[PDB]
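Notes to accompany the following structure.
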Ligand SMILES: Nc1ncnc2c1ncn2[C@@H]1O[C@H](COP(=O)(O)OP(=O)(O)O)[C@@H](O)[C@H]1O
Ligand SMILES: Nc1ncnc2c1ncn2[C@@H]1O[C@H](COP(=O)(O)OP(=O)(O)O)[C@@H](O)[C@H]1O
Ligand SMILES: Nc1ncnc2c1ncn2[C@@H]1O[C@H](COP(=O)(O)OP(=O)(O)O)[C@@H](O)[C@H]1O
Ligand SMILES: [Mg+2]
Ligand SMILES: [Mg+2]
Ligand SMILES: [Mg+2]
């Protein structure tokens, strides 16, 4: 049962995850891990495709304290004043 | 030979060392992803606070 | 033995295969029955629109809520991590000598 | 908006605004924790003293230096140091002020990673930069070309620059400065009978070194003069009232900068480091490095060091060409001063690491945006 | 309208005004690009230094020569050189003054094509002319007949002219001049241990060659004198203050002109080139070319070249006919002086290449107008 | 009698007998002097350890390399090295055995003069010879034509030979090899926190470079792989029990051979050095030099260098000629092995430098007999 291949097509353009794809006949060996996944009684996790389609798709196209000094001399005066 | 058939690699070209190094890097990336997710959630909670 | 009898690693491989079959539709790489071991290293290449969240971070973010048993995955891969860097040829040659 | 300069060196944090003459908050970088049993209850017994309070109350405290040879080892202590120098000394909000930090060259990269991440996620700024201290010392000197020897409390580093161009292969780092001089002075004051073992007594030995020590012009003649007559001996008063009098340790202690084999280091002195840094450069600029030997840091504040290093380089350089040490009277704070001109420069405003660029690029922009 | 004369030779660009006796702007043809990292922000850090500024700041620069063996390899660098010699040195508008140009014989044609295209589409003059350098040297010599050996920095070429008629088949070209001498001098200085590998150090070896090297009158006897006694050895001062001493390498460097097998070339020497250039001419006109060996170029500025040239030609030629070398003291600028003589002539005004002629004929009229 | 071959390279001295296939005595060329204070009297505390004893006892020693970039800087140290390799390692009498020595091209001549004088007046052989290392490597390869790149620890030199004829003008020397790689690996290992400053730690960094480093086939893709994942990181065990792990520094360290601008040198890579050595030759022989690129030296022991060399030369050369890299598995000792080929040939026996020739001609017969 090809449960891994039964995926809906996406609405938006997706960022391509590059990988080295195996041949199919190599993947259908007797001792293969993918052969054990191909049994339908194995444990399968359903992904939430909505958030993956949401995020990984391509993007498209006041006078409180008035002073007459500058800030440097005022803060130097604050350091001078608050130590008293 | 069993792991060569298991991971669907060529038996005469499989080395166990690069296999275990790929698993080591995958575990390091796994722990770094969990740590970055925890730091991101903690900083998002602190920013919301 | 830990790689051959891992339970959560085929679960994660079917999860990334379903995500890639969603994600690489319409290309030559899609509709795959399997892939190599080096696919897990490239998972940080697929970034979000904000260049903050990679696909690995989002998969573990989804796995924290729905299927937490994937967080048991470093326990199975601890012994491959300890076994990495060990050259079998030099110790077998030393044992034979 | 005005900018902040904070030379967060190994020994003394020097922090202040931009465009100012003198650094407003100069205080040593120590975290003090109590080591005895407190029997009194009430009236605010703190578990950690940072800054001048740790200096005043040092007789019941273990003092830890969070920075060792320019590399921050303990990071919660450095978090408390930054918290004290922002909130308590300058009394400023770091969320509305840009900040220029200083860094020694040939530092481990994860140290810079953690400086960027803690500085952008605990004390989150609009902008922050990490600069080389020797470039700021050349900014303070008012000249474009020159070789800069900086010597703080942990790092003595040599960087040569010609017409705005630093040569990265000629930059040299030596982990020998005033803390190693202080530890060697603690080793050699035991010869005269005075025992200093605690971290609080390191401050007293540091005060002895700051107040009495001087760089000899000729070492062997000064040893012969101190061995012959007690004219070079000088006295100092301890906080317990005892009066000490020291002799050759006034000039044996700063001689470790010119002779690193005193503390067991294989590497050559600062004069050989300066000469090798000049000789590693291209040939046509070397004359312009001989006449512009800029000195900085508090370790070069002994009143015999300029003539001595002029003598050593003049012995090392070819004799047909002038040697001139640029030793300003305010070379203690020159890293902060050149940070204040660079923070006030109009062209520097495009070179800030903004918060948006940090969020886009992770903590990895500081390798490619800074030096 | 005063014309401009701009000898764009391989070695140094010599530009100035017509009718004058000395060129106003003599400056070397290099482009200097910085290679190290700039740290000091502001103060106009140019990305390419051209001419005298590249020479005076060469310790931080990679220097590129736009001409290699008489052929312009890099054209953007030559556009920068022409912009520098028009706008910065003479400070004249090119669109109101004619500009004469010089060129070596047996040049590939596309160099002349792109010279025509750039001087009428980027530096568009009212008129220009491209001339053979040897014809200009004979015009500055003030005689109608003679054979000119012109040796610049890339091309050593022999051209005979009799009564204003230049024989084309006897014109010879050899790709051995002053840059190859400088390359060989950097090769043979490694015997004495002085490793000159950078492009900046090539200018230092060129200054050594200009100040100290000379053509030997006999080569084996100067081996005997140099190997026997250290009387010929001369010391030189490097810009870092180091002093070198060279011995036989003073005269081993120009003997590549008289023996091209030193740098692995099958061709014969410049004296044999001159003798075969004379012998390829008619039997009637050889007598005047024996007595009028005019020489020009900076490679003819060694103080032993004329007597050696006379000795080798008198050994080669039959002894009944008179051999004479015409070596004026201003033969370095004689290409410019001949261009200034030819530009101010009244008969030259119909021989200009106009904008209208270029527009009707493409960039191909330079083959049918010039020689 | 049976001759000796003694490759006295910058890093490792390889000595052995003629007519043998493997060098009998391979040991590194260092002189170790103690720098700490000896307290236990007796038990034969030597003041200078040479060879493997300096390697085993390096934690209390200053190690000096007597050869720097193929040039012997310290001559007493190399006298100690020759005394150790004759009397202790090989256990031979040098006065009754000819000895073949190896030397890099474009060397200063006074180095060859002092080797001739010392080996005829301190280690007085019946006969000897001084040979170019590339010719010995080509004789080890069993072929007559080819271009040899030889990269030891101080010198990387390219020599092309066609039918036994070596073209001297195409020989190219570059002072970049394994010691500069070790110093650059010291400079880049400080990024990960591992401080290696002593001369003893240079051997540890060299062992890291020998055991873990490799030449990348494509540098930018390998940087992208190292930035992406930590799969190609590898761990090494220090002698104190600490385990380090290095990543991109496995291939950034040998990339300095292909990109010399990492350590500030202006020169081009070894592939461009090889290509310019080929293009300086005649046009008829280059097809023989493309197909026979012989490599030698320990700097070609990285297990990715031949494919990268073939890729870079195939990118440089025209595609209609075959690129083949001759990389035998024993090309580390091939400089020895071809010497053991050359010392045992019958036609070499008249080419020896006898003692009578040295006595009649001074130490000047080595310039006229050796190439
Ligand atoms: N007047 C002085 N004379 C001699 N040494 C001094 C003097 N002032 C300070 N020092 C030494 O120099 C150091 C100050 O240099 P500085 O660059 O401020 O260090 P940091 O910035 O790492 O705290 C102190 O550790 C002190 O030991
Ligand atoms: N006084 C001198 N003595 C020896 N060589 C000189 C002297 N002046 C210049 N040269 C050499 O001659 C060259 C200048 O020749 P020049 O006629 O200007 O050539 P070009 O015009 O083709 O560049 C310089 O490259 C320099 O090396
Ligand atoms: N297995 C190896 N892998 C990488 N580099 C090596 C290896 N073995 C030796 N080297 C490097 O090559 C050099 C040895 O080359 P060699 O020509 O023998 O040097 P020398 O003869 O000058 O001592 C050493 O300095 C070492 O750094
Ligand atoms: Mg400092
Ligand atoms: Mg010229
Ligand atoms: Mg070698």
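The values are calculated or read from the model by the stated rules, or taken from the named source; nothing here is a laboratory result. For neighbour counting, all protein chains shown are included, and Cβ atoms are generated from backbone atoms with ideal geometry for every residue, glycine included.
Selection of region B:1-33 for residues being under 23 Å from residue F:247 (Cβ atoms) and crowded, with 18+ Cβ neighbours inside 10 Å yields B:19, B:20, B:21, B:22, B:23, B:24, B:25, B:26, B:27, B:29, B:30, B:33.
Taking (1) outside any helix (DSSP H, G or I); (2) more than 25 Å from the chain's Cα centre (by Cα); (3) not assigned by CATH to the domain that holds residue F:187 in turn, residue F:230 satisfies each apart from (3). Scanning region D:324-360 for residues that are within 14 Å of chain E (Cβ to nearest Cβ) and surrounded by 18 or more Cβ atoms within 10 Å (Cβ to Cβ) yields D:338, D:339, D:342, D:343, D:348, D:352. Would you check if residue E:84 is touching a strand residue (DSSP E or B) at 6+ places or on another chain (Cβ under 6 Å) and closer than 26 Å to residue E:356 by Cβ? No; evaluated as a whole, the condition is false for this residue. Output the residue which, of all residues in region A:1-27 that are farther than 12 Å from residue C:31 by Cα and loosely packed, with under 15 Cβ neighbours inside 10 Å, is nearest to the other protein chains (Cβ to nearest Cβ). The selected residue is A:20. Residues in region A:43-57 that are within 7 Å of chain C (Cβ to nearest Cβ) and assigned to a loop (DSSP other than H, G, I, E, B): A:43, A:44, A:45, A:47, A:48, A:56. Tell me, please, whether a residue that is buried (at least 20 other Cβ atoms within 10 Å of the Cβ), part of a loop (DSSP other than H, G, I, E, B), more than 7 Å from chain A (Cβ to nearest Cβ) and touching a helix residue (DSSP H, G or I) at 6+ places or on another chain (Cβ under 8 Å) can be found in region C:37-54. Checking region C:37-54: at least one residue is buried (at least 20 other Cβ atoms within 10 Å of the Cβ), part of a loop (DSSP other than H, G, I, E, B), more than 7 Å from chain A (Cβ to nearest Cβ) and touching a helix residue (DSSP H, G or I) at 6+ places or on another chain (Cβ under 8 Å). For region F:254-273, the tally of residues that are within 11 Å of chain D (Cβ to nearest Cβ) and surrounded by fewer than 19 Cβ atoms within 10 Å (Cβ to Cβ) stands at 5. Here residue F:116 meets the list (1) surrounded by fewer than 19 Cβ atoms within 10 Å (Cβ to Cβ); (2) assigned to a helix (DSSP H, G or I) almost entirely, failing just condition (1).
If you go through region E:196-224 and keep only what is in a helix (DSSP H, G or I) and farther than 23 Å from residue E:243 by Cα, you end up with E:219, E:220, E:221, E:222, E:223, E:224.
Restricting attention to region E:139-153, the residues that are buried (at least 23 other Cβ atoms within 10 Å of the Cβ) and either assigned to a loop (DSSP other than H, G, I, E, B) or within 16 Å of ligand 3 (Cβ to nearest atom) (or both) total 2.
From the list D:157, D:169, the one residue that fits, being away from ligand 2 (no atom under 16 Å from the Cβ), buried (at least 24 other Cβ atoms within 10 Å of the Cβ) and within 14 Å of chain F (Cβ to nearest Cβ), is D:157. Are any of the residues in region F:354-368 within 25 Å of the chain's Cα centre (by Cα) and either outside any helix (DSSP H, G or I) or at positive phi (or both)? Scanning region F:354-368, I find no residue that is within 25 Å of the chain's Cα centre (by Cα) and either outside any helix (DSSP H, G or I) or at positive phi (or both), so the answer is no. Scanning for something buried (at least 21 other Cβ atoms within 10 Å of the Cβ) and within 14 Å of chain E (Cβ to nearest Cβ), does region F:181-196 turn up at least one residue? No: zero hits. Restricting to region F:293-319, name every residue that is more than 16 Å from ligand 3 (Cβ to nearest atom) and touching a helix residue (DSSP H, G or I) at 6+ places or on another chain (Cβ under 8 Å). F:293, F:312, F:313, F:316, F:317 - these are the residues of region F:293-319 that are more than 16 Å from ligand 3 (Cβ to nearest atom) and touching a helix residue (DSSP H, G or I) at 6+ places or on another chain (Cβ under 8 Å).
If the condition is being in a loop (DSSP other than H, G, I, E, B) and more than 26 Å from residue F:213 (Cβ to Cβ), then region F:256-281 contributes F:280, F:281.
Taking region E:282-343 as the region of interest, the helices (runs of 4 or more DSSP H) fully inside it that hold 3 or more residues being touching a strand residue (DSSP E or B) at 6+ places or on another chain (Cβ under 8 Å) and under 18 Å from residue E:271 (Cβ atoms) are E:305-316.
If you check E:45, E:37, E:55, which single one turns out to be away from ligand 4 (no atom under 16 Å from the Cβ) and surrounded by 17 or more Cβ atoms within 10 Å (Cβ to Cβ)? One residue alone meets the criteria, E:55.
Selection of region F:142-154 for residues being more than 14 Å from chain E (Cβ to nearest Cβ) and in contact with a helix residue (DSSP H, G or I) (Cβ under 9 Å, 6 or more places away or on another chain) yields F:142, F:144, F:145, F:146, F:147, F:148, F:149, F:150, F:151, F:152, F:153. Please enumerate the residues belonging to region E:86-111 that are under 17 Å from the mean Cα position of the chain (by Cα) and part of a helix (DSSP H, G or I). Hit for region E:86-111 is E:111, nothing else.
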